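Colleague:
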Amino acid sequence: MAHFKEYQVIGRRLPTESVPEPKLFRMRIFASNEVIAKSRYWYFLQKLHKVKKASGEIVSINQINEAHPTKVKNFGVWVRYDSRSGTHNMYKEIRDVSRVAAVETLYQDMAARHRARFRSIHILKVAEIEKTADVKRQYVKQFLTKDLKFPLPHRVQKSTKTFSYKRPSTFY
Amino acid sequence: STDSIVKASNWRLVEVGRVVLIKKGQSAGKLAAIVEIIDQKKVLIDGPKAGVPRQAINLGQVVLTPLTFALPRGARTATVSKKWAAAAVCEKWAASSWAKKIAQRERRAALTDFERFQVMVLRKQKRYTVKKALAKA
Amino acid sequence: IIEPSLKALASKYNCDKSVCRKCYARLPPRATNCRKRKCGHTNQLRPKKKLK
Amino acid sequence: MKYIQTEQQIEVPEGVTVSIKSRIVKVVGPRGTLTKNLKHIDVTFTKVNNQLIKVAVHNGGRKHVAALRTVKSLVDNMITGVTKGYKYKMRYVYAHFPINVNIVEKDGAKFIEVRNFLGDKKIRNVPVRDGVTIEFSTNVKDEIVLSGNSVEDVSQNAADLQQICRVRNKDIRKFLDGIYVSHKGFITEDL
Amino acid sequence: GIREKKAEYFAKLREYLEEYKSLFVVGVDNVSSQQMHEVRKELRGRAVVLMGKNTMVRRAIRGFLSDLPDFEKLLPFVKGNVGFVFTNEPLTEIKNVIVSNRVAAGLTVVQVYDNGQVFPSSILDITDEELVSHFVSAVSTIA
RNA sequence: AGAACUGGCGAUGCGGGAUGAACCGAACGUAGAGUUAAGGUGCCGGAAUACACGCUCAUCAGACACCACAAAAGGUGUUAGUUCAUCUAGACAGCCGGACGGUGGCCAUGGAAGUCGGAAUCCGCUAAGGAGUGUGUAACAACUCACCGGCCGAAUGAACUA
RNA sequence: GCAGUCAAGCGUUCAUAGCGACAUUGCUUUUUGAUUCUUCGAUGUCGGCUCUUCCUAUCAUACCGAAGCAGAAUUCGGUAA
Ligand SMILES: [Mg+2]
Ligand SMILES: [Mg+2]
Ligand SMILES: [Mg+2]
Ligand SMILES: [Mg+2]
Ligand SMILES: [Mg+2]
Ligand SMILES: [Mg+2]
Ligand SMILES: [Mg+2]
Ligand SMILES: [Mg+2]
Ligand SMILES: [Mg+2]
Ligand SMILES: [Mg+2]
Ligand SMILES: [Mg+2]
Ligand SMILES: [Mg+2]
Ligand SMILES: [Mg+2]
Ligand SMILES: [Mg+2]
Ligand SMILES: [Mg+2]
Ligand SMILES: [Mg+2]
Ligand SMILES: [Mg+2]
Ligand SMILES: [Mg+2]
Ligand SMILES: [Mg+2]
Ligand SMILES: [Mg+2]
Ligand SMILES: [Mg+2]
Ligand SMILES: [Mg+2]
Ligand SMILES: [Mg+2]
Ligand SMILES: [Mg+2]
Ligand SMILES: [Mg+2]
Ligand SMILES: [Mg+2]
Ligand SMILES: [Mg+2]
Ligand SMILES: [Mg+2]
Ligand SMILES: [Mg+2]
Ligand SMILES: [Mg+2]
Ligand SMILES: [Mg+2]
Ligand SMILES: [Mg+2]
Ligand SMILES: [Mg+2]
Ligand SMILES: [Zn+2]
Numbered sequence: 001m002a003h004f005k006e007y008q009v010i011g012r013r014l015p016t017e018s019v020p021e022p023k024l025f026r027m028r029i030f031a032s033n034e035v036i037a038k039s040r041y042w043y044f045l046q047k048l049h050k051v052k053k054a055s056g057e058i059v060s061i062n063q064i065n066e067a068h069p070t071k072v073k074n075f076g077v078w079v080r081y082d083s084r085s086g087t088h089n090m091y092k093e094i095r096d097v098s099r100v101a102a103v104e105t106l107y108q109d110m111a112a113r114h115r116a117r118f119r120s121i122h123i124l125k126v127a128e129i130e131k132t133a134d135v136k137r138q139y140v141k142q143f144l145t146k147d148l149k150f151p152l153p154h155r156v157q158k159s160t161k162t163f164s165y166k167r168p169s170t171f172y
Numbered sequence: 002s003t004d005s006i007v008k009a010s011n012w013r014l015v016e017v018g019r020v021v022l023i024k025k026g027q028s029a030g031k032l033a034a035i036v037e038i039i040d041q042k043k044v045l046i047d048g049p050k051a052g053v054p055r056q057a058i059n060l061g062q063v064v065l066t067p068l069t070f071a072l073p074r075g076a077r078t079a080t081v082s083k084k085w086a087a088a089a090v091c092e093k094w095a096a097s098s099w100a101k102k103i104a105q106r107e108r109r110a111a112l113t114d115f116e117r118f119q120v121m122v123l124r125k126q127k128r129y130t131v132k133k134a135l136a137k138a
Numbered sequence: 077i078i079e080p081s082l083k084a085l086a087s088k089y090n091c092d093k094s095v096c097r098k099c100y101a102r103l104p105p106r107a108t109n110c111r112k113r114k115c116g117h118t119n120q121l122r123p124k125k126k127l128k
Numbered sequence: 001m002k003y004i005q006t007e008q009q010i011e012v013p014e015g016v017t018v019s020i021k022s023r024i025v026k027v028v029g030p031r032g033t034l035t036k037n038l039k040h041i042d043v044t045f046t047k048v049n050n051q052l053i054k055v056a057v058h059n060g061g062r063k064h065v066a067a068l069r070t071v072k073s074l075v076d077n078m079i080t081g082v083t084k085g086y087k088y089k090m091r092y093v094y095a096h097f098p099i100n101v102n103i104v105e106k107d108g109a110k111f112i113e114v115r116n117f118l119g120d121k122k123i124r125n126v127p128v129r130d131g132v133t134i135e136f137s138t139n140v141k142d143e144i145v146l147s148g149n150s151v152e153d154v155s156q157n158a159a160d161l162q163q164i165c166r167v168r169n170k171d172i173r174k175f176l177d178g179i180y181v182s183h184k185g186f187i188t189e190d191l
Numbered sequence: 003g004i005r006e007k008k009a010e011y012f013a014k015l016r017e018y019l020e021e022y023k024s025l026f027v028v029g030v031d032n033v034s035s036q037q038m039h040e041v042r043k044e045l046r047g048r049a050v051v052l053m054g055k056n057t058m059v060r061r062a063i064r065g066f067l068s069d070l071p072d073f074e075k076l077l078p079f080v081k082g083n084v085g086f087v088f089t090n091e092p093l094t095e096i097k098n099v100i101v102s103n104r105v106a107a184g185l186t187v188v189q190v191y192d193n194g195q196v197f198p199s200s201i202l203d204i205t206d207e208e209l210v211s212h213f214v215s216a217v218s219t220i221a
């Protein structure tokens, strides 16, 4: 729930003599360590299949490192979340370098705007919007123009010492 | 006058190939190139020659230099090195009062006690010959 | 007395207004909201009533 | 959502210079010169040519972006006002007590004096503002006309005069008397 | 509905590109509604005029590049306010019915299509004298 | 006011909640050194005017469990989002051209030709043009708009959610 | 006791100028109750008189916005103790 890692979690039902070799199930899971990952795998599984962990086991847990972690990407993010009065589905886009990067601002962005803590949010699907102009949310289309350049008006150099023998300039 | 006068602030822009001086962290004090723009607060930089690793960096911990070379947007590390070299960016950096002062600052901080002593003396030596100048006209 | 086109001109200022049903603000005749902040910018407008 | 670049254009017609420094604008054309302090807004000007200047707001939120356009208009009405220039016409409306409107002065003032408003033994006085000049139409009855380089100052004076004739304690639907604005165009380019 | 009436147009545009062999791209900049009505009467015999929205035409034509393909080079001509006159009557008579009559203060040709070729309507307005002294100065070159 | 299980106060100081029996942390011989809890770190005050992404401007902002209250209902403030519809077969907005024929359609009458008004709303030629949206005329005129298109080039409208 | 939200109706016509039913959200602590924490090694109570200060849910006065405001008169509302 913090600095995020992405996990594959592969699990299954406990084998019965009647059903040796039950079917294996997988999720991609974003958590900060692997304990929370495994715990999340059950949370969801319990809501999809009829299973609790006391009646199942976790087969594998492997980290999914970003394939091209220095290529800037436009992400599609689908989300299901709880407001104070309803629960809702929600699409938004995020431009970043990795999935793990993206999800973290996703998780912050949900708190900033809709005041949604981590607990009240399900990450439905996340995906690299292949062809630009499949980007729809303007606040990313805005960065896609040819030869995009912009200044950073009003520079504010932080100070090392509390007194200054000159009136500062903000000029970048 | 009889022209229209408009002075426009002439900011360093964040633009592919804007070259930036890194402010904080393991790659502090080193130069990198801006390779692609992530968003209004975040870019992709790569600093091949100086040994700073192609990374997403928060624009806040970097300061834009006034230098700019030609670079295709989102160019892998390699061709940055090729392009940066071609353009002679280190060469133009070193030539600036900005790059020079940093050098001075480090030189000063490197002085032995004995060396500080010597500066004092020679500075006395120069002083004397200045004051007189400052009195012949 | 007072010619039609001036009676008209005068009414542009005096009678073609709308009014907030909450605070009574004299509002532009095509207003969609009151401009006063005390009635929380309500959209509950009515037309200023016309004379006899 | 913070729009990274958003900007607007100001056409500089033949015969005027607009010069700008620390957001203090000076417009100089045929009719003379106006200046305006736009300090209260973070916008940056840029000249492309002597006929075109751009106003841009970098990384602006909505209400920041709103200020952009209004900067263009303000500057525009500086330009046109110093080329074409502004002129407001009004009319005396009164249903029984003829409104007497004359120019007076004390201390080289120039006021607008308004007598007999609905029978009022009081006299109303509206200062005539600098660089706005007052005339009276010769064929059009009960007219009054206010002209000058600056809309703001010409508009406002017209509005000071309308507002001094406001009718109190009567049904202002019946009692329509007053000096109301009837036209607003330029000094030049027909009427 | 609003798609039908397009494919409708699409239909009756195609129908002409097949039936008639020759084509007139006519500019109708300005030109009153009454003018065109009387270009209909005056031409009612053979030719048919067919007006439309450009983006509907550039698309339909390209959408017909399977069969009848050298209608593709028709496209750098369907700019501005233009339209189509279709015919099987000979060149000049129509173009002169078009250019000349119902002119006041008249719609004008801008390019012509003929079996996969393109006239400037300049090469149409021939002199026959140039066609006389080119067969003459070549018999003078031969002699 | 009155019961259930448990933990407390009473009988109990200590650290935190400014304050305070009962909350949180933790229970106590005399002390040194270290580390922490709960709670804090602009200044009062020991401890980053630390780092990071958003959000918010209040002529009544807001600022931390127990706790020292606020509700129905509203807001074209501003943010993110949803559904429906339009749009690369070119919309929306903006500038620009066309706005035609039966035809002054029928009544009615000083006259009323699209526009006092009763009654119908048909056709032609169309890419399109109402038996007419308004201005206008004594009645025509003239102008306007719907309707179609030239340009432009990716968005637009409506209802909602918090 | 005081104030709202909805808008069926009153209001010749017209929900909302001025009112407002069925219902519904609230506020106040000059009503009356409920409670019984404080004070029974106690020190009266009501009303008035006199005098000061405070509240604002404003009766008057100042300036306004509304009207079923022609005028006069009134009525509703705002800033306002
Ligand atoms: Mg300075
Ligand atoms: Mg600068
Ligand atoms: Mg007005
Ligand atoms: Mg002023
Ligand atoms: Mg009144
Ligand atoms: Mg009265
Ligand atoms: Mg205890
Ligand atoms: Mg006891
Ligand atoms: Mg204790
Ligand atoms: Mg407290
Ligand atoms: Mg203090
Ligand atoms: Mg301290
Ligand atoms: Mg500070
Ligand atoms: Mg709580
Ligand atoms: Mg809102
Ligand atoms: Mg036009
Ligand atoms: Mg037009
Ligand atoms: Mg008429
Ligand atoms: Mg007409
Ligand atoms: Mg699209
Ligand atoms: Mg919703
Ligand atoms: Mg009724
Ligand atoms: Mg009514
Ligand atoms: Mg007791
Ligand atoms: Mg008692
Ligand atoms: Mg006692
Ligand atoms: Mg009050
Ligand atoms: Mg009435
Ligand atoms: Mg009366
Ligand atoms: Mg009376
Ligand atoms: Mg009365
Ligand atoms: Mg009331
Ligand atoms: Mg007092
Ligand atoms: Zn209001």
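Chains as they are written, first to last, in the authors' numbering: chain n0, 1 to 172; chain m4, 2 to 138; chain q0, 77 to 128; chain l9, 1 to 191; chain p0, 3 to 107, 184 to 221.
The beta carbon of each residue, even a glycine, is placed where N, CA and C say it ideally should be.
#1: Taking the alpha carbon of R19 (chain m4) as the point to measure from, which residue in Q56 (chain m4), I38 (chain m4), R117 (chain m4) has its own alpha carbon closest?
#2: Do you know how far the Cα of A102 (chain n0) is from the Cα of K5 (chain n0)?
#3: Straight-line CA distance for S182 (chain l9) to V99 (chain p0)?
#4: Can you list, in chain order, the residues of the segment 49-72 of chain l9 whose Cβ is nearer than 9 Å to any Cβ on chain n0?
#5: On the DSSP letters alone, give me the boundaries of the beta strand (DSSP E) that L25 (chain p0) sits inside.
#6: Looking at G11 (chain n0): is its Cβ nearer than 8 Å to the Cβ of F25 (chain n0)?
#7: Tell me which residues share the same chain as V114 (chain l9) and place their Cβ nearer than 6 Å to its Cβ, disregarding the 5 neighbours each side in the sequence.
#8: For the alpha helix (DSSP H) that contains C96 (chain q0), what are its first and last residues?
#9: Taking the alpha-carbon positions, what's the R42 (chain p0) to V50 (chain p0) distance?
#10: Taking DSSP as the reference, what is the three-state secondary structure of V151 (chain l9)?
#11: Could you check whether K47 (chain l9) and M78 (chain l9) sit closer than 8 Å to each other, using their CB atoms as the reference points?
#12: List the residues that DSSP assigns as beta-bridge partners of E113 (chain l9).
#13: I'd like the span of the alpha helix (DSSP H) that includes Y18 (chain p0), first residue to last.
#14: Beta carbon of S10 (chain m4): closer than 7 Å to some heavy atom of ligand 2?
#15: Interface residues of chain l9 around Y139 (chain n0) at Cβ under 7 Å?
#16: Any beta carbon of chain m4 sitting closer than 8 Å to that of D82 (chain n0)?
#17: Quick one: is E20 (chain p0) buried, meaning 16 or more other Cβ sit within 10 Å of its Cβ, or exposed?
#18: Using a Cβ cut-off of 7 Å, pull out every chain l9 residue sitting near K93 (chain q0), in sequence order please.
#19: Going by DSSP, name the residue or residues bridged to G11 (chain n0).
#20: Under 8 Å, do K87 (chain l9) and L38 (chain l9) count as touching if we go by C-beta distance?
#21: Going by Cα to Cα distance, which pick from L22 (chain m4), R106 (chain m4), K42 (chain m4), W99 (chain m4) is closest to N59 (chain m4)?
#22: Closer than 8 Å between beta carbons: that is the criterion. Which residues of the segment 173-190 of chain l9 meet it against chain q0?
#23: Please report the residue range of the beta strand (DSSP E) in which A127 (chain n0) lies.
#24: Which of the three DSSP states, helix, strand or coil, is assigned to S73 (chain l9)?
#25: Could you list which residues in chain l9 have their beta carbon closer than 7 Å to that of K98 (chain q0), in chain order?
#26: By how many angstroms is the C-alpha of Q37 (chain p0) removed from the C-alpha of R46 (chain p0)?
#27: Mapping the DSSP letters down to three states, classify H114 (chain n0) as helix, strand or coil.
#28: Just checking, does the segment 46-60 of chain l9 make contact with the segment 21-32 of chain l9 on the three C-beta pairs under 8 Å criterion?
#29: Could you give the distance in angstroms between the alpha-carbon of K121 (chain l9) and the alpha-carbon of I99 (chain l9)?
#30: Got a sec: is the Cβ-Cβ distance from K114 (chain q0) to anything in chain l9 below 8 Å?
#31: Do you know whose CA, among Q56 (chain m4), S97 (chain m4), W94 (chain m4), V15 (chain m4), lies nearest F143 (chain n0)'s CA?
#32: What does a CB cutoff of less than 6 Å around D82 (chain n0) pick up in its chain, not counting 5 residues either side in sequence?
#33: For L14 (chain n0), which residues of its own chain have a beta-carbon under 7 Å away from its beta-carbon, when the five flanking residues on both sides are left out?
#34: When DSSP builds the beta bridges, which residues end up paired with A56 (chain l9)?
Modeller: In short, the structure shows the following:
#1: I38 (chain m4)
#2: 11 Å
#3: 55 Å
#4: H58, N59
#5: 24-29
#6: yes
#7: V101, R124
#8: Counting along the chain, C96 (chain q0) falls outside any alpha helix (DSSP H), though it belongs to the beta strand (DSSP E) covering 94-96.
#9: 7 Å
#10: helix
#11: no
#12: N102 (chain l9), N125 (chain l9)
#13: 6-21
#14: yes
#15: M1
#16: no
#17: exposed
#18: Result: empty, since nearest Cβ-Cβ is about 10 Å, beyond 7 Å.
#19: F25 (chain n0), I58 (chain n0)
#20: no
#21: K42 (chain m4)
#22: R173, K174, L176, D177, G178, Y180, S182
#23: 121-128
#24: helix
#25: Ordered by position in chain l9, no residue passes the 7 Å Cβ test against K98 (chain q0), which lies about 22 Å from the chain.
#26: 14 Å
#27: helix
#28: no
#29: 12 Å
#30: no
#31: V15 (chain m4)
#32: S120
#33: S55, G56, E57
#34: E7 (chain l9), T44 (chain l9)
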